[PDB]
Amino acid sequence: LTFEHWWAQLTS
Amino acid sequence: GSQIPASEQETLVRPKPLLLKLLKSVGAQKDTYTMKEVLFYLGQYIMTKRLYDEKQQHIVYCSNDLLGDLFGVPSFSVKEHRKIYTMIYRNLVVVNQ
């Protein structure tokens with residue numbers, strides 16, 4: 001739910 | 001998870017002046033990066049400036065930020081992986097694919 005959680009999904 | 005292939009994430013790029021300045025503001029030390037590094041610093045930039053919405057943290061507001069001028073939007077969803085990459089590509093030149 002956090003910004004970093006979502007942002008981290010862009011990179012494998 | 002990621003909507004972007006890993007191989008594309010390893011694309012070597014040369015950020016344009018304005019994007020370069022943005023990355024360097026958060027520690028970036030080079031003239032060229034892989035997209036993965038570009039995305040790392042960009043995340044740090046947003047996180048640090050708290051541009052995301054406190055309640056729905058995948059929503060980023062950039063209408064009054066250099067990022068807005070770079071992406072050409074007032075806001076965007078972190079969940080739109082391909083859209084973010086597309087906006088990023090307009091701020092750099094691909095070195096090696």
# chains A, B, ... in the order shown; residues from 1 in each chain; ligands from 1
>>> residues_around(residues="residue 33 in chain B", least_positions_apart="5", cutoff="7 Å", atoms="only C-alpha atoms", output="compact mmCIF listing (two decimals) with C-alpha atoms, in the first residue's frame")
# COMPACT_ATOMS: atom_id res chain seq x y z
CA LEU B 12 21.31 1.68 -21.15
CA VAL B 13 20.22 5.33 -21.38
CA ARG B 14 21.61 8.89 -21.50
CA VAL B 38 16.74 5.75 -13.51
>>> residues_around(residues="range 25-30 of chain B", least_positions_apart="2", cutoff="9 Å", atoms="only C-alpha atoms", output="list in words")
residues 20, 21, 22, 23, 32, 33, 37, 38, 41, 42, 44, 45 and 48 of chain B
>>> residues_around(residues="residue 6 in chain B", least_positions_apart="2", cutoff="8 Å", atoms="only C-alpha atoms", output="list in words")
residues 11 and 12 of chain A; 4, 8, 9 and 10 of chain B
>>> interface_residues(of="chain B", to="chain A", cutoff="9 Å", atoms="only C-alpha atoms", output="VMD selection string")
chain B and resid 1 to 6 9 36 39 to 40 43 to 44 46 to 47 52 to 54 56 to 60 78 to 82
>>> select_by_dssp(residues="chain B", states="strand (DSSP E or B)", output="list in words")
residues 12, 13, 14, 15, 33, 34, 52, 59, 60, 61, 75, 76, 77, 92, 93, 94, 95 and 96 of chain B
>>> write_last_selection(atoms="C-alpha atoms", output="short mmCIF file (atom, residue, chain, number, x, y, z; two decimals), in the first residue's frame")
data_model
loop_
_atom_site.label_atom_id
_atom_site.label_comp_id
_atom_site.auth_asym_id
_atom_site.auth_seq_id
_atom_site.Cartn_x
_atom_site.Cartn_y
_atom_site.Cartn_z
CA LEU B 12 21.31 1.68 -21.15
CA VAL B 13 20.22 5.33 -21.38
CA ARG B 14 21.61 8.89 -21.50
CA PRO B 15 19.22 11.18 -19.60
CA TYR B 33 22.34 4.63 -16.51
CA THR B 34 20.26 1.51 -17.03
CA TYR B 52 2.45 10.84 -3.58
CA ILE B 59 -1.17 8.46 -6.86
CA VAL B 60 1.64 10.95 -7.52
CA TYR B 61 1.02 14.69 -7.88
CA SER B 75 -0.39 13.49 -11.84
CA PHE B 76 -0.09 9.78 -12.61
CA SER B 77 -0.60 6.30 -11.10
CA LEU B 92 16.41 10.48 -22.52
CA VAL B 93 18.22 8.89 -25.44
CA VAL B 94 18.62 5.11 -25.65
CA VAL B 95 22.30 4.13 -25.81
CA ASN B 96 22.09 0.36 -26.05
#
>>> select_by_dssp(residues="chain A", states="alpha helix (DSSP H)", output="list in words")
residues 3, 4, 5, 6, 7 and 8 of chain A
>>> decode(residues="chain B", atoms="C-alpha atoms", output="compact mmCIF listing (two decimals), in the first residue's frame")
# COMPACT_ATOMS: atom_id res chain seq x y z
CA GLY B 1 4.48 -8.00 -10.83
CA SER B 2 6.38 -5.73 -13.19
CA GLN B 3 4.69 -5.06 -16.51
CA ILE B 4 8.07 -4.27 -18.03
CA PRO B 5 10.33 -7.08 -19.24
CA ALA B 6 13.52 -7.47 -17.23
CA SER B 7 15.59 -7.17 -20.40
CA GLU B 8 14.05 -3.73 -21.15
CA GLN B 9 14.78 -2.72 -17.54
CA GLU B 10 18.45 -3.19 -18.42
CA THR B 11 18.34 -0.73 -21.35
CA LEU B 12 21.31 1.68 -21.15
CA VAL B 13 20.22 5.33 -21.38
CA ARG B 14 21.61 8.89 -21.50
CA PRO B 15 19.22 11.18 -19.60
CA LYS B 16 18.65 14.67 -21.02
CA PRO B 17 19.78 17.76 -18.99
CA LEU B 18 16.62 18.30 -16.89
CA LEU B 19 16.11 14.62 -16.06
CA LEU B 20 19.84 14.32 -15.31
CA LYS B 21 19.64 17.22 -12.85
CA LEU B 22 16.72 15.50 -11.14
CA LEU B 23 18.61 12.22 -10.70
CA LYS B 24 21.76 13.92 -9.47
CA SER B 25 19.69 15.76 -6.84
CA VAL B 26 19.25 12.38 -5.14
CA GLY B 27 22.77 11.02 -5.50
CA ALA B 28 23.12 9.94 -9.14
CA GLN B 29 26.81 10.04 -10.13
CA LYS B 30 26.86 9.20 -13.89
CA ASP B 31 25.96 10.49 -17.38
CA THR B 32 24.45 7.15 -18.42
CA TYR B 33 22.34 4.63 -16.51
CA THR B 34 20.26 1.51 -17.03
CA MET B 35 16.53 2.13 -16.75
CA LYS B 36 16.55 0.30 -13.43
CA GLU B 37 18.85 2.98 -11.99
CA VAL B 38 16.74 5.75 -13.51
CA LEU B 39 13.66 4.26 -11.83
CA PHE B 40 15.53 3.88 -8.51
CA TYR B 41 16.52 7.56 -8.26
CA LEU B 42 13.15 8.69 -9.58
CA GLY B 43 11.47 6.71 -6.81
CA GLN B 44 13.81 8.24 -4.19
CA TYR B 45 13.02 11.68 -5.60
CA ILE B 46 9.23 11.20 -5.23
CA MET B 47 9.50 9.47 -1.86
CA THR B 48 11.80 12.19 -0.51
CA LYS B 49 9.62 15.09 -1.74
CA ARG B 50 6.42 13.26 -0.67
CA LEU B 51 4.74 13.86 -4.02
CA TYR B 52 2.45 10.84 -3.58
CA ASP B 53 -0.98 11.04 -2.00
CA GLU B 54 -0.91 10.12 1.72
CA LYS B 55 -4.12 8.12 1.53
CA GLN B 56 -3.63 6.48 -1.87
CA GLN B 57 0.15 6.30 -2.17
CA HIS B 58 0.16 5.05 -5.75
CA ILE B 59 -1.17 8.46 -6.86
CA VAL B 60 1.64 10.95 -7.52
CA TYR B 61 1.02 14.69 -7.88
CA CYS B 62 3.48 16.62 -10.03
CA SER B 63 1.65 19.71 -11.37
CA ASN B 64 3.90 22.01 -9.34
CA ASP B 65 7.11 20.06 -9.76
CA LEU B 66 9.86 19.74 -12.34
CA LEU B 67 8.66 16.15 -12.67
CA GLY B 68 5.38 17.49 -14.01
CA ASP B 69 7.19 19.44 -16.71
CA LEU B 70 9.22 16.33 -17.57
CA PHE B 71 6.25 13.89 -17.74
CA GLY B 72 3.80 16.39 -19.21
CA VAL B 73 1.06 15.41 -16.72
CA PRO B 74 -0.31 16.93 -13.49
CA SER B 75 -0.39 13.49 -11.84
CA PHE B 76 -0.09 9.78 -12.61
CA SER B 77 -0.60 6.30 -11.10
CA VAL B 78 2.48 4.28 -10.15
CA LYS B 79 0.47 1.23 -11.23
CA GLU B 80 0.70 2.22 -14.90
CA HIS B 81 4.18 0.78 -15.46
CA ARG B 82 4.21 1.10 -19.26
CA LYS B 83 2.91 4.70 -19.14
CA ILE B 84 5.66 5.73 -16.70
CA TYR B 85 8.36 4.19 -18.93
CA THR B 86 6.88 5.96 -21.97
CA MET B 87 7.01 9.33 -20.17
CA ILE B 88 10.57 8.59 -19.08
CA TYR B 89 11.81 7.71 -22.58
CA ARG B 90 10.94 11.24 -23.82
CA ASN B 91 13.51 12.58 -21.36
CA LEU B 92 16.41 10.48 -22.52
CA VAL B 93 18.22 8.89 -25.44
CA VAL B 94 18.62 5.11 -25.65
CA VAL B 95 22.30 4.13 -25.81
CA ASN B 96 22.09 0.36 -26.05
CA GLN B 97 19.08 -1.91 -26.28
